[PDB]
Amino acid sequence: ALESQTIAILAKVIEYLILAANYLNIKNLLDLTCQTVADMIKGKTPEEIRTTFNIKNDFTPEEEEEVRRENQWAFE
C-alpha cells in the first residue's frame, strides 16, 4: 500500500492491466495476472495464440518450418 519498490488507471490496484503491476513493483499481483495469461496459452497452437493477441507472424515459412521440425523431432 506502498509496495512497488517502484515507490517506497487506479483500477482494482487499490481494491487489492499488468502494465503495470509490473510497474511499480507489486510482486504478488504480477504473479496473479501472469499465471492467468499463461492460461490464455497452455494448450493453444501458435496461430491460435497470435490470433488472440495481436502478434502477426513474422516467420517466413523457411524458418517457421525449420523451427517446427526441431521442436517436434527433438524437443517433444
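Here, rigid core means the biggest group of C-alpha atoms that superpose within 1.5 Å across both forms. Residue numbers here begin at 1 and follow the sequence given.
Engineer: Say the other structures are aligned on the rigid core; which stretch then has the higher CA RMS in 4 other deposited structures of this protein, 58 to 66 or 17 to 25?
Structural biologist: It is 17 to 25 whose C-alphas lie farther from the shown form in 4 other deposited structures of this protein.
Engineer: Unmodelled residues of the deposited sequence between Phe53 and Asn54: none, 1 to 3, 4 to 9, or 10 or more?
Structural biologist: Gap size class: none, per the record.
Engineer: Which fits the stretch between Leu2 and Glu3: none, 1 to 3, 4 to 9, or 10 or more deposited residues lacking coordinates?
Structural biologist: Missing residues, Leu2 to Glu3: none.
Engineer: For the C-alpha atoms alone, is the average B factor greater in 18 to 26 or in 60 to 68, going by the entry?
Structural biologist: Higher of the two, by average CA B-factor, is 18 to 26.
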